[PDB]
Amino acid sequence: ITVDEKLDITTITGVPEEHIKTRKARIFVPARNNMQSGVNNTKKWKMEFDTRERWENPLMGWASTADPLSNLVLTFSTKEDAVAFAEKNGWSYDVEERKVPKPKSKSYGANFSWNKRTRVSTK
Amino acid sequence: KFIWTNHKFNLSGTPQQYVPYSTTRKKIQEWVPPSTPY
Amino acid sequence: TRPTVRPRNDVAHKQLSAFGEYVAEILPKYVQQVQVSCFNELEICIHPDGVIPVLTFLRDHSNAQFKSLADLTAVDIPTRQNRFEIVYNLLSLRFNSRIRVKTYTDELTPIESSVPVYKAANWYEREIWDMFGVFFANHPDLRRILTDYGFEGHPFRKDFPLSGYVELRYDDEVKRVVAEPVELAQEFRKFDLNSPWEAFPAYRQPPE
Amino acid sequence: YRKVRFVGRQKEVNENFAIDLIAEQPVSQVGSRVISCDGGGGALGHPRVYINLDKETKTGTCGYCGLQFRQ
Amino acid sequence: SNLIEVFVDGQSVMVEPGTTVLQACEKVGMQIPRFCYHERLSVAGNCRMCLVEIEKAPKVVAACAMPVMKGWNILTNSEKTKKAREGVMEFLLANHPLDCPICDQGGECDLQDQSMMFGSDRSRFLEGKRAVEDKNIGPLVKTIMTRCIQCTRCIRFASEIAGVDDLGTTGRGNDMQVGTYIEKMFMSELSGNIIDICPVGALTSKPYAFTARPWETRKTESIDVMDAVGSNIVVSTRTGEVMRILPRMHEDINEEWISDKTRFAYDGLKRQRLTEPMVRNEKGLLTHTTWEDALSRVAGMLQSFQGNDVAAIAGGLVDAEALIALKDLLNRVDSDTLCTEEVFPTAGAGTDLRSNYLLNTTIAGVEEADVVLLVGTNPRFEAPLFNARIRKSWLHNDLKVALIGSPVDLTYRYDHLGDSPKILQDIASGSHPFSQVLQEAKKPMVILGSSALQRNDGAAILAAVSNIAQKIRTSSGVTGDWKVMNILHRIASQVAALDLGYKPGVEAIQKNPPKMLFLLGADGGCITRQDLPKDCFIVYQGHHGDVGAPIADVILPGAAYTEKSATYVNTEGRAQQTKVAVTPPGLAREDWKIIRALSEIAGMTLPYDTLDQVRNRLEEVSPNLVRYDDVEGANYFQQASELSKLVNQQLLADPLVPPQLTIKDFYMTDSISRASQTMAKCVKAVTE
Amino acid sequence: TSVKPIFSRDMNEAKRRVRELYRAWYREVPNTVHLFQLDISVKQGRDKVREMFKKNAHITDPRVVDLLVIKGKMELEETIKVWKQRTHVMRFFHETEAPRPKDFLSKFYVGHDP
Amino acid sequence: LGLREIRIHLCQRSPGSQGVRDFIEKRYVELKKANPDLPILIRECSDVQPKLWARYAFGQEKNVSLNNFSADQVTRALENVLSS
Amino acid sequence: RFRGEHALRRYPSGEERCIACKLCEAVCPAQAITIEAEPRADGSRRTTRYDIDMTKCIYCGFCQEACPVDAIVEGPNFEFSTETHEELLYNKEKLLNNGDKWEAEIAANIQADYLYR
Ligand code: SF4
Ligand code: SF4
Ligand code: SF4
Ligand code: SF4
Ligand code: FES
Ligand SMILES: [Zn+2]
C-alpha cells in the first residue's frame, strides 16, 4: 500500500535553463485560412510561443537565429486540459476564446418578393 | 549556343575561387535626413 | 474490392477474437480493456499494478507461452491527464501470434520493472529512463545510455525543442572543448501541410 | 563594406543573360484562334496549355514558354 | 416546440422547420462539398456539387437550397451520392488550363482540396480546353478569367454588400464570360476584398502577386490600426518580413470582410523609415549618432525646465502602453499641459464617464434598430465596415435612414434632409419632416460623426443633438432602455488615449508658448514652429519621417504596429492587444522602454520595468483596459445631459461638409498611407 | 494523492537522505582535482557544491525531492570513477561565456528585450 | 499640486457597491456644479472594494476604500480630500 | 541515371527553364534549396536568389523528379573537392555556368532515360 495522501501543487524545475520566467505562452484556437473554405483546421486548442529577433546571416541572407523554442505547436483537446499543462511545467499564459458563428436564417426562395426589398437579378 | 569555349576547372585558389555572395535588393531602405539648409 | 487492395481473412480474425476473450475472463483484477486490431493483432489494456503478474501469467502456461519479448517502447501524449504510454510486445513461438500490453502511467508514479520476468528488458528500460524520465522501480543497474553526460531534458518528449540548448564548439582560449548557447545559421523553416475537408469519415470524432 | 570577399578572387559571375533574350525570336504567326505550345519538343518542356491569340494580336509566352508567341 | 426531428445517417437531430439539408448536416459535424454557396451571400444552385442521396427516393437533390420536411433519412455516404460527386467534378476539371506551377492559389484552391479527397482519379477528355482571354479591372486585382469555374460567387458579391452593380453574366451556353462588358474600371472601398471570395485562381492579388506559396508563412494573429473600428487580421511572415494580410472573421466586427485600405498598406511599413537616433548638427543638418550620446542630451534639459514650459502632443497610432510612461513622466514633474492631435469640444463633460463618447449601441445592435438618423458625417470613407453593416441591415428587414448635410454617394436610398446647422435646432421642435418618426420609433439611433464635431461650433452641436436624444428617451423612451446617443471616430488611438485621462483638443498649448515639446502626434500640422515661439528645441519620437521629423531637434525611433505587443481600443471600449510579428529593424526600439531609460538616466525612476507591471499600472487607472472584448452596460448620462446644458453656445452658418472627395481622399490619409507607394500608384489611376 | 512514493514517506527520510550524499560530494571534491590533472584551487570545487544545493529549496512536496536524489545519486558513479574525460566536469564552470548584463540600462543598449 | 483630480471606481453589480450608484444620482450634478476646474474621473469595474484614488503632490497616490457606505457617507467622505 | 553535381538547363535559345514554382524546395528532405522569387519586369515570373548547399545535399533525386518544367537536373560529373566551406554554398549564377559547361553531356542522358519515368 503506502499511498500517503496529501495535497501539494505539482511544479517541476531543472529541465530548461532560464526560459521559465522570460516567456509567456499563448493558447489559441486557429481560425480558417480564408482563401479556402474547409473547417478541419479548427477543433484543436493549440499553444504557441513568442517570436524574437531574426537577423541576417551576412554571407547569404539566411534568417539565422537564437531563440531555441521558436517552433513548437502542441495540440490539446480542450480548454480544461489546456491550462493544465502550463502550470505543471510552470510558465505563464494567456487564453483566447472559441468563436462559433450565427446559426443562422437563410432561405432560397426569399430572393423573390412582392413588396419586400430582397430581390436579386443578373443571375 | 550558350556552350563554353573549351572547358574550365574547379580551381581552389587560382586566385579565382568564385567566393559566393548574395543576390537580392536591400529590404527596408532607411530614410535619409533633409539637407544642410533649413 | 478490386486488385491493389489487401485481401483479408476471417480465420485469424475469429481465432484471435476467440483466444484473448478469456484473458479478461480469468484475470479480471488487472485487465480493463481488450480490443482486436483490424489487421489481426491484439491489444490489451492493463492497469499499472498488473505490470508483473499478467506478464507472469503469460511467461509460462500451456495455452499461451509468449516467450519472446520483441519490443518494449514508450510514447508520450500530452492531453491525456496521465502522460505516457508504455507498450509491451510479445511473441508466441509455439503458436505464431502477437499480443501487445498497453499500460498507462505518469511521470512521478513509478512502474515495477519487468527485469526478473524477462532478462531481455535490462537495456530496454535503462533507455526509456534517459529518453522520457520514467522511473522503473528496483532496477538492478540504472544508468545513462544514448545521451551525453550533460543533457537534462529527456529529449524524445514534446517539450524538448528539436535542436538542443548546448551547441558545442572548440576554442584555443585554453585547450578545452567548450559549450555555448545554441546558435543556428538557418531558421529551420516550419512548413504547414495539414489541409482541411476531413477526408476520413469512418474515424470521425463525436460531434459535440 | 561587403566587397572585400573577392579581393583577388576574380568574382565569377554570369556572362550571358536571359533577362531579355526573348526578343530575338521571330515571333510566330498562325492565323487561327487557339494554339498549343508544349514548347521544346514532346514529352519534355512545359505542359500543354491553350492560349487565346485575339487582341490585335499576341498570346503572352504561355506563362511558361517564354518565347514570344502571336498571330 | 417548433422543430422537426430529422435523422441524419440514421441518427436523430432536431432542426427548425425551415433550415437546409446543408446546415442540418453541418450540425452533426459533416461538410458536404461546397462551391456555389458562401454564408454571407445569397444562395444559388448553379454548380450542383452537394448531391445528397435522400433515402427512399429515386432522384438526387441539392442540399444547398431545399427545406427539410418531416423527418427524412439524410443518407450522406451511399453508393449513389459517391457516383454523383465523382461525376460532377470531372466535368469542370475538363475545360480548364493545366496550371499550378504559376497560378497563385497553389496552396488552397478548391479544385485541389476536393480532388484528392472527393472526386475522380484520372482524366478522359482528351483534347479540347477552350481558352477565353483576360482583361483589366484595376491596379489591385490581377484578373485571369481563363480559370473561371463560373460559380457566380463574385457577381452576387457586387449586387450584395459592395453595392456597385458592375459585374454581370454575359453570354449563352459554354460561351460566357464574367467580367465587365465595357472597359469600365471597378473600384470603391471593399474592392480588393473579392480576392478572398474567388474560390479558384482567377481573381488574385496584384502587389503580392508572385512572391511566396502559402505553406511557408507563419500566421500570427494581430489587430490593425488605421481606422475607427480597428480590425481582426492575421499577418503572414516568410523570413521576418510581412508578405500579405487577411481577415480573421470575428463575428461582430469584420463579419468576414476587411477594408481595402487596411489590406494594401503593408508596403508603408518598410519603405521610408527612420532607424537610429540623430544629433542636432547646428544648421539645417541632422546627422546620426551612437545611442549613448542623445540620451542625457535631452535629459539634461529636463532638470532645467519646470512648470508649464514643457509639453507633449500625441494623437496618431501609438498604443495605450506608451501613453502611460508619458503621463507619469510629465506629471511626476507636475507639468501636464498635454493633449491629443484630435479636436474634441468639452462643454460639461468629456473626460468623465464620457456619456456618449463611445458608440453606445454596439455594432451588433445596429441590426436591431428601426429608424437610424445620422448627421454631420460621410460614413462611407471612415469606418467602411460599419457602413457595410448598414447596407446589410437596410436589406433583410426594413430600415429608414435620413442624413443631414452635403449630398454624397451612399449606396442605399437615403434622403438628404437638410444642409445647415439650423436643421438641428429646428428638429428639437416639430417641423421639416420625419419630424416625429424619431418620436414614433421603437429602437432609435442618432449618430453624430466626428467630422462635424471638430469644428468651431462643436459645443453647440454636442448639446443640440443631446437635447433630441433626451427628447426621445424621456417620451417612453424606446420600450425599454435602448441607449440612443452615440459617436464614431476616424483616429484609432483616441478613445484609448482620452480615457486614460487626457484633455481633448489642442487649446492649452494654443494659448501659451512652452519651450520644449515632444511630438508623438505628429504628422498633422496643427502645430508648426511658426505657431511656436523661436528656435527652442522640440524632440520627436516616431517611426516615419514625413512631416515634423525634418523640423526637429533630436529624433528617436519607434516600432510601428506589427512590432510590439500593445493595446488599442475601438469605438466600443473593447481592448484588442496586437502581437509581435517582426522585431524592429536597425537601432529602433519599442516606444515605452525608451521612456524609462529617459527617466532612469534623469532623476525620477518609475516603479515598473516589465510589460506585466505596465498593465497593472493600467489596471490602477482604468480597470476596463484588461477586460478584453467586452461591452459593459453603463450609460449614466441623464445626469450628464442636463449638466451639458450649462454651455449656451449657438450655431454657425456653414454647410456640414466632410473632407472626403469622390474617392481620392480615402487613400492618402494617416502616415502609413502616405509612404506606401501602392496607394501612390492607385491614386493616379483614379484621376485618369 | 494516490500514488506510491519512490524511497521516502514524508519530509523526514527525504531530508536526511539529501544530507547523506552531501557528505559524499564534500569528500569527493579534492580527489578529482588531481584524478583528472586539473589545475585550480581546491576551494573553488567546494564552493560550487554548496552553491548547488541551496538552489532547490522552494519545494513543498515529497517524491519531487526524491527525484533530485536519483540524479544526485547517479553522478557519483561517473565522477568518482573515470568516465568523464576532463571536459564534462569543467562545463559547470562557465569560463568562456561572456557576462550577461542583468541590469536594465545595459540591456537597453544591446539586445531587443532578452 | 494638490490637487489635480480623483478617480471614482465602482462595479456595475455585486450590490455592495450601491452607495456610489445613489451618489451619482444625488451628488454628481450637485457635486460637479461646484468645482468647474477639477476633472474627476469615473471608471468601470474593480468588482470588489470600490476604491477611490486621489492623485496630487508630484504624482502621489491616496486611495480610500469605500466598500459599502450609505448614500450620505459617500456624500461626506469626498470633502475629506476636496477641502484639503 | 547517375547522381552528382547540380545544374539548371535552359530552352533553345535561352529562357532559363526554371519558373520558380516552389516544389524542388518542398521535397528536399534536408532543406537545402532556398528560393526567393519576384515578378520580373517583363511579366513572366522567375527567381532572384537560388541557393543549394552542397553539404546538406543528401543526394536524393527528389528535386530531379518533382519539377514539372523539367529544369533542375542532377548532372553526371563527380568533379568536386574544393578547399573552403565558404565555397560549397551555391548561388544561382554558379549553377547556370555549371549547367552550361555541358548540355551535350546531360541531354544525351535524359533522352535515353525519360521513357521509363
Ligand atoms: S471570378 Fe471566377 S471563380 Fe470567382 S465567381 Fe467569377 S467565374 Fe467564379
Ligand atoms: S485554380 Fe485550381 S485548377 Fe487552376 S491552377 Fe489553381 S488549383 Fe489548379
Ligand atoms: S526547377 Fe521546377 S521546382 Fe525548381 S524552381 Fe524551377 S520550376 Fe520550381
Ligand atoms: S538531391 Fe535531394 S536533398 Fe539534395 S538538393 Fe536535390 S532534392 Fe534536395
Ligand atoms: S453545391 Fe453549391 S449549388 Fe448545390
Ligand atoms: Zn510554350
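So, here is what we can say about the structure in this document.

What counts and how
- Residues numbered from 1 in each chain as written, not as in the entry; some residues may be left out.
- Chains lettered and ligands numbered in written order.
- Part of a larger assembly, values for the part shown.
- Heavy atoms only, no water.
- Residues with missing side-chain atoms left out of burial classes, pairs and counts.
- Helix = DSSP H or I, 4+ residues; strand = E, 2+ residues; numbered from the N terminus.
- Rg over C-alpha atoms; globule rule 2.2 N^0.38 Å.
- Contact = heavy atoms within 4.5 Å.
- Nonpolar A, V, L, I, M, F, W, Y, C, P; charged D, E, K, R; others polar.
- Donors = N, O, S within 2.8 Å, 3.2 Å for Na, K, Ca; no water.
- Buried < 20%, exposed > 50% of the residue type's maximum accessible area, 1.4 Å probe, protein only.
- Pairing = 2+ DSSP bridges.
- Near = heavy atom within 4 Å.
- Patch = residues over 30% accessible without salt bridge, like charges linked within 9 Å, V, L, I, M, F, W, Y side chains within 5 Å.
- Areas by Shrake-Rupley, 256 points an atom, 1.4 Å probe, with all protein chains shown as cover.
- Salt bridge = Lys/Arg side-chain N within 4 Å of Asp/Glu carboxyl O.
- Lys, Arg positive; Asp, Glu negative; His and termini not counted.
- Charge placed at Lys NZ, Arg CZ, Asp CG, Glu CD.
- Axes fitted to C-alpha atoms, helices over the stretch in contact; angles between N-to-C directions.
- Parallel < 35°, antiparallel > 145°, perpendicular 65-115°, else oblique.
- Left-handed = near helix turned anticlockwise from the far one by under 90°.
- Core = buried A, V, L, I, M, F, W, Y, C linked by side-chain atoms within 4.5 Å.
- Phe/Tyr/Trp six-rings, centres within 6.5 Å; stacked < 30°, edge-to-face > 60°.

### Looking at the overall build of chain G
Along its length, chain G carries three helices and four strands. Listed N to C, the secondary structure of chain G is β-α-β-β-β-α-α in terms of helices and strands. Taken over C-alpha atoms, the radius of gyration comes to 12 Å for chain G, in line with the 12 Å a tight globule of 84 residues would show. Taking all contacts inside chain G whose residues are at least 6 apart in sequence as the whole, residues at least 24 apart take part in 68%.

### Things to note about the overall build of chain D
Along chain D, the regular secondary structure elements total zero helices and two strands. Relative to the compact-globule value of 11 Å for 71 residues, chain D shows a C-alpha radius of gyration of 19 Å, a clear excess of over 25%. Expressed as lengths along the three principal axes of its C-alpha atoms, the size of chain D is roughly 55 × 30 × 20 Å. Long-range pairs, those at least 24 residues apart, make up 28% of the contacts in chain D with a sequence separation of at least 6.

### A few points about the interface of chain A and chain E
Where the parts come together, the accessible area they lose is often given as the size of the interface. Taken together, the 27 residues of chain A in the interface contact 40 residues of chain E. Considering only residue class, the side of chain A that touches chain E consists of four nonpolar, 10 polar and 13 charged.

### Some points on the coordination of the zinc ion (ligand 6)
Residues and elements named next belong to chain D. Taken together, the protein ligands of the zinc ion (ligand 6) are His46 (NE2) and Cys65 (SG), with distances of 2.3 to 2.5 Å. Of this pair, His46 sits in the loop between β1 (34-36) and β2 (50-52) while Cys65 sits in the segment after β2, and the two are 19 residues apart along the sequence. Among the residues examined, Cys65 registers a relative accessible area of 6% and is labelled buried.

### What to know about the pairing of strand β1 (residues 4-8) of chain E
All names here are of chain E. Residues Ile4, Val6 and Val8 line the buried face of β1, whereas the alternating positions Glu5 and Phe7 sit on a face that is not buried. Summarising the sheet, β1 and strand β2 (residues 12-15) pair through four bridges and their orientation is antiparallel. Residue pairing across strands places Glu5 opposite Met14, the latter belonging to β2. Adjacent in sequence and paired antiparallel, β1 and β2 are bridged by three residues, among which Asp9 carries a positive phi angle near 60°.

### Things to note about the site of ligand 2
Around ligand 2, the neighbouring residues are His96, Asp99, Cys100, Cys103, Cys109, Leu111, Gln112, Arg147, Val200 and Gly201 of chain E. Class assignment of the residues belonging to the shell around ligand 2 gives a composition of five nonpolar, three polar and two charged.

### Considering the site of ligand 4
Around ligand 4 lies a shell formed by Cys28, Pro29, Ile33, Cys57, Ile58, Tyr59, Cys60, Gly61, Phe62, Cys63 and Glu74 of chain H. Of the residues in the shell around ligand 4, the class split is nine nonpolar, one polar and one charged.

### Describing a negative patch on the surface
On the surface, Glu17 and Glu18 of chain A, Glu152 of chain C together with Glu97 of chain F cluster together to form a negatively charged patch. Within the element layout of this structure, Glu18 of chain A appears in the segment before α1 (19-22). Looking at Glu18 of chain A, the relative accessible area reads 53%, which means it is exposed.

### Things to note about the arrangement of the chains
Regarding chain B and chain C, which are not in contact, the minimum distance between any of their C-alpha atoms is 15 Å. Across the gap from chain F to chain G, with no contact made, the nearest C-alpha atoms are 23 Å apart.

### Some words on the packing of helix α1 (residues 14-27) of chain F against helix α4 (residues 65-80) of chain F
To characterise two packed helices, one gives the angle between the axes of the helices and the distance between these axes. All names here are of chain F. Here α1 crosses α4 at 20°, and the two axes come no closer than 11 Å. Relative to α4, the element α1 is oriented roughly parallel. For α1 against α4, the interelement crossing comes out left-handed. Counted together, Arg17, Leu21, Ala24 and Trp25 of α1 and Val69, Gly72, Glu75, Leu76 and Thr79 of α4 form the full contact between these two elements. When grouped by side-chain class, the residues that make up the contact of α1 with α4 number five nonpolar, two polar and two charged.

### Digging into the sheet that holds strand β5 (residues 73-75) of chain E
All names here are of chain E. Sheet architecture is open: five strands sit in the order β2-β1-β5-β3-β4, paired in mixed fashion. Two strands in the sheet have a free side with no partner beyond their single neighbour: β2 and β4 (61-62). When strand β3 (residues 51-54) meets β5, the two strands line up antiparallel, connected through two bridges. Along β5, the bridge assignment pairs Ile54 with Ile74.

### Notes on the interface of chain G and chain E
Contact residues are listed per partner, giving 23 residues for chain G and 25 residues for chain E. Counting residues per element, the ones that place at least two in the side of chain G that touches chain E are α1 (18-26), β2 (41-42) and β3 (52-56) of chain G. Sort the elements by how many residues they give to the side of chain G that touches chain E and α1 of chain G lands first, with three residues. Class assignment for the residues of the side of chain G that touches chain E results in 11 nonpolar, four polar and eight charged.

### As for the environment of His88 of chain F
Its place among the elements puts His88 of chain F in the loop between α4 and α5 (104-109). Between the C-alpha atoms of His88 of chain F and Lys71 of chain F, which are 17 residues apart in sequence, the distance is 16 Å.

### So, the sheet that holds strand β2 (residues 45-48) of chain A
Through backbone hydrogen bonds, the strands of a sheet pair up, either in parallel or in antiparallel fashion. All names here are of chain A. Spatially, β1-β2-β3 is the arrangement adopted by the three strands of the open sheet, whose pairing is antiparallel. Because the sheet does not close on itself, it has two edges, and the strands there are β1 (26-28) and β3 (74-76). Neighbour-to-neighbour, the strand axes of this sheet turn through a mean angle of 30°, independent of strand direction. Pairing of β2 with β3 involves three bridges; the strand directions are antiparallel. Bridged to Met47 within β3 is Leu74.

### Quick look at the pattern of salt bridges
Residue and element names in this part refer to chain E. Following the criterion strictly, the structure yields 57 salt bridges over all chains and no others. With its nearest N and O atoms 4.0 Å apart, the salt bridge here joins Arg674 to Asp523. A residue pair is termed long-range when its members are at least 10 positions apart, and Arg674 in helix α15 (residues 672-675) and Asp523 in the loop between β21 (516-519) and β22 (538-542) qualify at 151 residues.

### Observations concerning the pairing of strand β4 (residues 73-76) of chain C
Residues and elements named next belong to chain C. Taking every second residue as pointing to the same face, the buried face of β4 carries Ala74 and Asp76, while none of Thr73 and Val75 on the other face is buried. Bridge analysis of β4 against strand β5 (residues 84-92) gives four bridges, and the strand direction is antiparallel. Residue pairing across strands places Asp76 opposite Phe84, the latter belonging to β5.

### Let's talk about unusual backbone geometry
Here the amide bond leading from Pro103 of chain A into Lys104 of chain A is cis, since omega sits at 0°, within 30 degrees of zero. Within the secondary structure layout, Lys104 of chain A lies in the segment after α2 (83-86). That bond from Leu1 of chain G to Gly2 of chain G is cis: its omega, 0°, falls within 30 degrees of zero. You can see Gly2 of chain G is positioned in the segment before β1 (5-8). For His432 of chain E, which is not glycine, the phi torsion reads 45° and is therefore positive. One can find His432 of chain E in the loop between α8 (422-427) and β19 (444-448). Within the chain, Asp629 of chain E stands out as a residue other than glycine whose phi angle is a positive 35°. For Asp629 of chain E, a relative accessible area of 51% corresponds to the exposed category.

### What to know about the nonpolar core
Residue and element names in this part refer to chain E. Counting residues in each nonpolar core, the largest one holds 67 residues, and the members touching the most others are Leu323 and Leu453. Considering every element that reaches this core, the biggest residue donor is helix α9 (residues 458-473), with seven residues. Non-local contacts of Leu323, meaning those with residues more than four positions away in its chain, are made with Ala314, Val318, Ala497, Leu500 and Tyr502. Counting residues in hydrophobic clusters, the runner-up holds 55 residues, among them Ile195, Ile245, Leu385 and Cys682.

### Description of the environment of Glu276 of chain E
Residue and element names in this part refer to chain E. Positionally, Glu276 belongs in the loop between β12 (246-247) and β13 (278-279). For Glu276, a relative accessible area of 25% corresponds to the partly exposed category. In this structure, the C-alpha to C-alpha distance between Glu276 and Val242, residues 34 residues apart in sequence, is 21 Å. The residues touching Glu276, leaving out its near neighbours within four places in the chain, are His288, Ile555 and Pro557.

### Re the packing of aromatic side chains
Residue and element names in this part refer to chain A. Counted under the stated rule, the structure contains 15 aromatic pairs over all chains. Between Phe49 and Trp91, the ring centres sit 5.4 Å apart and the planes meet at 85°, which makes this aromatic pair edge-to-face. One end of the pair, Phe49, is in the loop between β2 and β3; the other, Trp91, is in the segment after α2, with 42 residues separating them in the sequence. For the pair shown, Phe49 and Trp91 are each scored as buried.

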